[PDB]
Amino acid sequence: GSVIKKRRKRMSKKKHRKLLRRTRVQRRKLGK
Amino acid sequence: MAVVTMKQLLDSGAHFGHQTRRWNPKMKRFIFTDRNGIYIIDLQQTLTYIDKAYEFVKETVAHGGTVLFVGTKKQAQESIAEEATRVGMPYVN
Amino acid sequence: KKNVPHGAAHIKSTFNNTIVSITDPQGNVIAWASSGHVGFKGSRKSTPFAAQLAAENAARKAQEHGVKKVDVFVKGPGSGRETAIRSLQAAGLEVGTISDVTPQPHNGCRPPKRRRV
Amino acid sequence: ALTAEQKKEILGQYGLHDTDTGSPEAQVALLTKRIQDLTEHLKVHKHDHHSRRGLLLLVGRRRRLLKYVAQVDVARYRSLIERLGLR
Amino acid sequence: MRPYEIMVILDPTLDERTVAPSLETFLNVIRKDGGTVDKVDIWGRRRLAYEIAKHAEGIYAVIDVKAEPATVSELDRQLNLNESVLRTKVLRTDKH
Amino acid sequence: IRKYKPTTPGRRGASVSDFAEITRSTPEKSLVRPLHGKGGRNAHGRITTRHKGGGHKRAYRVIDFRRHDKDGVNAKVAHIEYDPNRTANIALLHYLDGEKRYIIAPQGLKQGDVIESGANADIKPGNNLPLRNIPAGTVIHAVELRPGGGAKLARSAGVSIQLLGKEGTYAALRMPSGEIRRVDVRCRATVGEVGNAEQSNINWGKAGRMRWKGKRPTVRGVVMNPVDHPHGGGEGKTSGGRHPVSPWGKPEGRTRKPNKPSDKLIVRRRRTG
Amino acid sequence: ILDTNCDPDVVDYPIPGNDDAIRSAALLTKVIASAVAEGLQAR
Amino acid sequence: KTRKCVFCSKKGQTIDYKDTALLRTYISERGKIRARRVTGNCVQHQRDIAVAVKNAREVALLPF
RNA sequence: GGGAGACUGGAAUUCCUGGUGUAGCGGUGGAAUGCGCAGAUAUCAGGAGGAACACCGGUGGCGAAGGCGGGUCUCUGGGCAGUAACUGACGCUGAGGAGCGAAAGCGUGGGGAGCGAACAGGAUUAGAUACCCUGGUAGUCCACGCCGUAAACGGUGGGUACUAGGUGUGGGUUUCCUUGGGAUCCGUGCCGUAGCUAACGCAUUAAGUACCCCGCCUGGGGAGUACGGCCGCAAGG
Ligand SMILES: [Mg+2]
Ligand SMILES: [Mg+2]
Ligand SMILES: [Mg+2]
Ligand SMILES: [Mg+2]
Ligand SMILES: [Mg+2]
Ligand SMILES: [Mg+2]
Ligand SMILES: [Mg+2]
Ligand SMILES: [Mg+2]
Ligand SMILES: [Mg+2]
């Protein structure tokens, strides 16, 4: 089909990965 | 197998083409040279496709089926009409 | 100085400039020229007129030494190869023979990326 | 895989009767010999990744044949098992 | 045993009168280990296509050996280690 | 390589050599000589080489580094033993003459195989061969520095020298360090790479193993007084107060052999990176 | 019968030549007639 | 080209990596291997000729 | 070009050495950062090293899917035809589970030619942290191991009997000529009626006529997210 849903999923995954990269250090400090 | 010779094919004059704007960009599989702004056609590939079409027509007539012609220009109407009246096959002029 | 009856010539004509260099059959160059040396600079080096000028300058520098016949070795693509050959043959030198000595990598070193412009 | 003599002798040794090719016991013996050959080949080349799949397929076929012979006659199944040294 | 064809390119500096004794001494190992029929064809003094170890021509030779893979491999190793030899090519004649 | 378990803090990530390829557990009583530790003290008794002290006493296990004689006499390897003074295991030869000797036991040297020295020997790992007869491009180790002088290059474990194209009366060698040297072709060489390649990956785990091997602690100059090390102590954690310099005042410079030495054989030094 | 202004992706059994030349077209038609006659004679 | 083959049809000839004349009659002027569409041979014999030309180039029987 | 292990060679780029050799070379729609006058660029001879193997090389071949073509040697899996001999239902699928599994990334010891994440600058733009240019660390390579992610697309699961066919291609066999055609079974192509559909399109290699089995769904975001659990050194699934 079109690429609207694909672009939405890409944006969501990119924001999730950015949040993960930001909170990586905190998650590691909590899981150490 | 071969039925027609390149000598006769060239003497008949079956290698001329169109002008620059009336050319097909996708025809890179058959163009050989361009002399005096006239696209020259290959010979070996044509001779092979001739035998391919001969085998195709042989299989078609073996399975059952004739060839039907069509024409609209005013330069070969009588020619195709005579050919059809001689061979007993369809034709339109 | 020295004297050389006949020799070879190498024409490296890239998409930016043409470098013509005449040498002896051994491989020792004695007279070279280019558009950058004849006066053109930058994009003006990748032109057929600049290539012809460099070729005629090289031919004159070779005649100054005593070269009369050369065997031409052109390089990979680039506008100015036939022009340089004509300039060499018109400046007072014999073409003799022409060979396209172009390095054809058989899928060797990976080339750079593609231009997106 | 297997020559015409090393296989013919195995067939004649593990066959039901003369000129018996394809019986359950003979097929199981041939599959076991091929399994040993492929195991040695893999021990030599421990990174094939295709001989391993072939070995798995042959082992599946051998397991199917063993199940069939066990469902048909348990006596013959146990006899073949004790004669070949499996399980 | 299996059949194999060995094409050897030796050094052109040597004379044609020391090619057969050298090949015989190199094949004695196979003759004593496996045993087989031999077929030596010496047609040296042939111009090569390109340069090989700073040489223009070479001495070509063809040998046919119906022997074992280990035997032919040892022969190829000895030929490669030898200094008079320049190149060796082993091909299979049965099927490949 | 055998990795110990994390039972105690001293075996967190500790490892040891698998000791594979070793058959015998004792050396040859006839080829064993005495040697006592020195603690890094020269004849004057003063501590010369620091970080050298108490360590487990070892035996010499005499090894022939020349191999000039016994050319046409073959020899079959008997056992592969451990050597403390070396970095790789040693191999015991049983010469057809009747005597026994020791070798560095290069890689791929199994038990039972036979080697043969001399000029007419075959190119195989284990046997010695003159560089004149060794084809160019092979791999050798522990060859020599001078004719009949004894092996002095590429004797450590897992190291090997690459014999490049030789010319005239000299042959080119690429050392494990990358240096390109030239040595007269009359030098006897051992073919093959040194064994015990798994070495250099053993995690000692604790200081006990290094202390048993004979390595005392090492005190950095930053925590020393200005009278003991140029890197004065100061008030707090000091970075040295000046450029890095040896304890005796020698800066971290070239420190190479004296200028214009007998180094005409070297053609290209190693690369720093 | 294709020319320099035909589509190879459309034509499946390309028969190159020329259609503007009346003599060439007549000769091609004669050749096709002979071919179909030789095909029919087999029945 | 346009012919069946000289091996798949003549059934009286073999392909060897030593037939310098046979390999030169097939490779191009610049020493390049000609295409199947130009040689007019079966796939098996075409691959055989390619392997023979490669073996010749390796044993230094052709100028690549 | 089915995979694994070993040996070996050519083109080409880079660097160094020995000759010839000048004041430019690289670069762009134009321009310089970069390389030079300490001898740049360029040509001949020699040496060092690593990725890949032009031409054969394609709507072509293999593999369960990824994926796979310089040459040689050892082993091995899969498939097709003919004889049609052998046991005679042993056939197909498969919840969990196990194995393989594109690229990217991490540890160990190496190597690193070219390309090239990040990083530096040169240039346009009002702003370029990008598209363009110049150097380049990880990465791309080798052996031991790891996560199991791709538009892993034929977006179409495996198996079975049938549905005008037309026509190129690879393979094994037969009747008719006596090199040419028909028949035989599988894959690979492209059209096409019957049939299917919302149309595109499939149409004997179904998306058609019938059946066994596994997985998925009952509106888009929230969210393939948080929680707990599992695998994993870590990213991560
Ligand atoms: Mg110390
Ligand atoms: Mg202090
Ligand atoms: Mg002081
Ligand atoms: Mg402070
Ligand atoms: Mg499952
Ligand atoms: Mg990778
Ligand atoms: Mg890594
Ligand atoms: Mg860049
Ligand atoms: Mg999640």
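Calculation rules
- Residues numbered from 1 in each chain as written, not as in the entry; some residues may be left out.
- Chains lettered and ligands numbered in written order.
- Part of a larger assembly, values for the part shown.
- Heavy atoms only, no water.
- Core = buried A, V, L, I, M, F, W, Y, C linked by side-chain atoms within 4.5 Å.
- Buried < 20%, exposed > 50% of the residue type's maximum accessible area, 1.4 Å probe, protein only.
- Helix = DSSP H or I, 4+ residues; strand = E, 2+ residues; numbered from the N terminus.
- Domains from an automatic or database assignment.
- Contact = heavy atoms within 4.5 Å.
- Buried area = accessible area lost by both parts, 1.4 Å probe.
- Salt bridge = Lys/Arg side-chain N within 4 Å of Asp/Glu carboxyl O.
- Polar contact = N/O pair within 3.5 Å; in protein donor to acceptor, adjacent residues only side chain to side chain.
- Nonpolar A, V, L, I, M, F, W, Y, C, P; charged D, E, K, R; others polar.
- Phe/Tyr/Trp six-rings, centres within 6.5 Å; stacked < 30°, edge-to-face > 60°.
- Pairing = 2+ DSSP bridges.
- Axes fitted to C-alpha atoms, helices over the stretch in contact; angles between N-to-C directions.

Looking at the entry header, you'll see cryo-EM listed as the method and 3.17 Å as the resolution.

**Concerning the nonpolar core**
The nonpolar side chains of soluble globular proteins are, as a tendency, buried together. With 34 residues, the main nonpolar core has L131(F), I134(F), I140(F), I161(F), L163(F) and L173(F) as its most contacted residues. Elements with a minimum of two residues in this core: β4 (90-95), β9 (161-163), β10 (170-174) and β12 (188-191) of chain F. Inspection of this core shows a minimum of three residues originating in each of domain 1 (1-113) and domain 2 (117-194) of chain F. Residues within four places of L163(F) in sequence aside, it is in contact with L131(F), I134(F), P135(F), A136(F), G137(F), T138(F), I140(F), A171(F), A172(F) and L173(F). Membership of the second largest hydrophobic core comes to 23 residues, among which are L48(E), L23(H), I27(H) and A56(H).

**Overview of the interface of chain H and chain E**
Contacts between the two partners involve eleven residues from chain H and, on the opposite side, twelve residues from chain E. Both sides of the chain H and chain E interface together cover about 970 Å² of buried area, and 63% of this is carbon and sulfur. When the buried area of chain H at its contact with chain E is split by residue, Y17(H), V59(H) and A60(H) rank highest and sum to 47% of it. Where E5(E) meets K18(H), a salt bridge forms, and the shortest distance between an N and an O atom there is 2.7 Å. Taken together, the links from chain H to chain E amount to seven residue pairs in polar contact. Here the side of chain H that touches chain E is built from residues that sort into seven nonpolar, one polar and three charged.

**Describing the interface of chain G and chain B**
Taken together, the 29 residues of chain G in the interface contact 31 residues of chain B. Roughly 2700 Å² of surface becomes buried between chain G and chain B when both sides are summed, with 69% attributable to carbon and sulfur atoms. Its largest share of buried area at the contact with chain B, chain G owes to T4(G), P16(G) and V36(G), together 22% of the area lost on that side. The interface formed by chain G and chain B contains one salt bridge. Inspection of the chain G/chain B interface yields four residue pairs in polar contact. For the side of chain G that touches chain B, the class distribution of residues is 16 nonpolar, seven polar and six charged.

**Brief notes about the packing of aromatic side chains**
This model, assessed by the stated rule, comprises seven aromatic pairs over all chains. Arranged with centres 5.2 Å apart and planes meeting at 15°, the rings of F56(B) and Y13(G) form a pair that is stacked. In this pair, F56(B) is assigned in helix α2 (residues 44-63) and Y13(G) in the segment before α1 (22-40), connecting two distinct chains. Residue classification places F56(B) among the partly exposed positions, given a relative accessible area of 38%.

**Details of the sheet that holds β9(F)**
All names here are of chain F. Ordered in space as β7-β12-β8-β9-β10-β11, the six strands form an open sheet in which the pairing is antiparallel. The sheet terminates laterally at β7 (128-130) and β11 (180-184), the two strands that pair on one side only. With direction set aside, neighbouring strand axes in the sheet form an average angle of 45°. When β7 meets β12, the two strands line up antiparallel, connected through three bridges. Each residue of the ladder has a partner; that of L129, found in β12, is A189.

**Some points on the environment of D94(E)**
Residues and elements named next belong to chain E. As for its position among the elements, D94 is in the segment after β5 (85-92). For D94, a relative accessible area of 58% gives the class exposed. As a C-alpha pair, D94 and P3 span 91 residues in sequence and 6.2 Å in three-dimensional space.

**What to know about the pattern of salt bridges**
Taken as a whole and judged by the stated rule, the model has 26 salt bridges over all chains. For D15(E), the salt bridge is made with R17(E), and the minimal N-O distance between the two is 2.9 Å. With relative accessibility at 24%, the residue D15(E) sits in the partly exposed group. Judged by its relative accessible area of 70%, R17(E) is exposed. Among the salt bridges present, the one from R101(F) reaches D69(F), with a minimum N-O distance of 2.9 Å. Residue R101(F) is located in strand β5 (residues 100-103), and its partner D69(F) is located in the loop between β2 (15-16) and β3 (74-81); the two are separated by 32 residues in the primary sequence. Here the salt bridges do not stand alone but share partners, grouping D64(F), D69(F), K70(F), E99(F) and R101(F) into one network.

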